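Residue numbers (the deposited numbering), protein chains in the order written: chain B, 744 to 754; chain A, 247 to 476.
Comments concern the structure below.
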Amino acid sequence: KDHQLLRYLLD
Amino acid sequence: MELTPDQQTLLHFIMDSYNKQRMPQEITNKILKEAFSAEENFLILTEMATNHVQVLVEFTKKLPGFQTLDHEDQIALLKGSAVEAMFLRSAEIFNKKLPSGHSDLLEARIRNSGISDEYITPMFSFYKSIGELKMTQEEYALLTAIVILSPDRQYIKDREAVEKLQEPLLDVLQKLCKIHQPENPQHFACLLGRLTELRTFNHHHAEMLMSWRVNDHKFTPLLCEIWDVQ
Ligand SMILES: O=C(Nc1ccccc1)[C@H](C1CCCCC1)n1c(-c2ccc(Cl)cc2)nc2cc(F)c(F)cc21
Numbered sequence: 744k745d746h747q748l749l750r751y752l753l754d
Numbered sequence: 247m248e249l250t251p252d253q254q255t256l257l258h259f260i261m262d263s264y265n266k267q268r269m270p271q272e273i274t275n276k277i278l279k280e281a282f283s284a285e286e287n288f289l290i291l292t293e294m295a296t297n298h299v300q301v302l303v304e305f306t307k308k309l310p311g312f313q314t315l316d317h318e319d320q321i322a323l324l325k326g327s328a329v330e331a332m333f334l335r336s337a338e339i340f341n342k343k344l345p346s347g348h349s350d351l352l353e354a355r356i357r358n359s360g361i362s363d364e365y366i367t368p369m370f371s372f373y374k375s376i377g378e379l380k381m382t383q384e385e386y387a388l389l390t391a392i393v394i395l396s397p398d399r400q401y402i403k404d405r406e407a408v409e410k411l412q413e414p415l416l417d418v419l420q421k422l423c424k425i426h427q428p429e430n431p432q433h434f435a436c437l438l439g440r441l442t443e444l445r446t447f448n449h450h451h452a453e454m455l456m457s458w459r460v461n462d463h464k465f466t467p468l469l470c471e472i473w474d475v476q
């Protein structure tokens, strides 16, 4: 899925 | 009129999280020390922007109630604010007091960094307008938090949940504007007006970066996620 690094940093 | 004990707690909390950013002195010392090529300045920019997004996610996560938001809305808020937050932090760095002549050289070095001519002028127009407001460190911290918690971002499913988190920050900022500048009752409105000027930078950011006078425009996988690049 798109924004996988952002989602990772957020979680 | 004055801040309540809860508002004082909120302000100090926001300030501590905000202060975990790379020091303005670090950035300006590097630019002022020696002139770099457009190739070297493009790479300095991408490294600065990658570190900034990383610290911004950490600051965002600490904003009261941010963790209670829908995960898709959390991503929408971060992606919608990252560029504006970078320009606001650049405006803060630009307006920090330096020895006589240093800010003139800093401006001249940024004008000749490789950035296209058409993007230079509105950037310094925004930086100098931010400077006239003579904002305190607390005002930049709260305004960054207000920028991140904007309920009017594209793709937000639950705007009211975002509104509820932004409202107490706007209330603290309003009280601070009346305390720091009691002679200027327009100060709070001026700050909010500066946020509308901030939004203009989103529309042309990708073009601004691709117009940089370099042969190849290499970005980090994280910058590709936050910016409309590669
Ligand atoms: O580092 C930077 N910005 C930054 C990023 C993230 C976090 C903090 C700052 C860059 C430099 C510019 C000169 C070449 C190297 C990068 N930068 C900018 C700027 C930001 C975005 C784009 Cl698209 C163009 C310029 N405006 C600045 C004002 C300052 F007082 C200044 F000191 C540095 C500034």
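A virtual CB, placed ideally from N, CA and C, is assigned to each residue, including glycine.
#### Entry: Any C-beta of chain B under 8 Å from that of A:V393
no
#### Entry: Three-way DSSP call (helix, strand, coil) for A:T466 in this model
coil
### Message
Here's the rule: buried if 16 or more other CB atoms are within 10 angstroms of the residue's CB, otherwise exposed. What is A:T255?
### Response
exposed
### Message
So the candidates are A:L352, A:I361, A:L324; which of them puts its Cα closest to the Cα of A:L302?
### Response
A:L324
### Query
Under three-state DSSP, which class holds A:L395?
coil
### Query
Hey, would you say the C-beta of A:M381 is under 7 Å away from at least one heavy atom of ligand 1?
no
### Query
Is the CB of A:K325 under 8 Å away from at least one CB in chain B?
yes
### Task
Note down, in chain order, each residue of its chain lying with its Cβ closer than 6 Å to the Cβ of A:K342, except the 5 sequence neighbours on either side.
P270
### Query
Roughly how many angstroms separate the alpha carbons of A:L315 and A:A407, rounded to a whole number?
7 Å
### Task
Output the distance between the C-alpha atoms of A:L415 and A:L441, rounded to the nearest integer angstrom.
14 Å
#### Entry: Contact list for the segment 269-301 of chain A against chain B, Cβ threshold 9 Å
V299, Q300
#### Entry: Between the CA atoms of A:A337 and A:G377 - distance to the nearest angstrom
8 Å
#### Entry: Nearest-angstrom beta carbon gap, A:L455 and A:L352 [assumed within contact, 8 Å]
21 Å between Cβ atoms; not a contact.
### Proximal chain B residues relative to A:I321, where beta-carbon distance stays under 8 Å
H746, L749, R750, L753
### Query
By DSSP, does A:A281 sit in helix, in strand, or in coil?
coil
### Task
Identify each residue in the segment 439-468 of chain A for which the Cβ-Cβ distance to at least one residue of chain B is less than 8 Å, and report them in chain order.
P467, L468
#### Entry: beta-carbon A:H450 near ligand 1 non-hydrogen atom, thresh 7 Å
no
### Task
Decide if A:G347 is buried, meaning its Cβ has at least 16 other Cβ atoms within 10 Å, or exposed.
exposed
### Task
Tell me whether A:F340 counts as near ligand 1, meaning its Cβ is closer than 7 Å to at least one heavy atom of that ligand.
yes
### Query
Based on Cα-Cα distance, which residue from A:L249, A:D398, A:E304, A:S371 lies nearest to A:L334?
A:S371
### Query
Between A:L257 and A:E385, which are expected to be in contact by the criterion C-beta below 8 Å, what is the C-beta distance as a whole number of angstroms?
With a Cβ gap of about 11 Å, A:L257 and A:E385 do not count as contacting.
### Message
Please state the DSSP three-state secondary structure of A:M294.
### Response
helix
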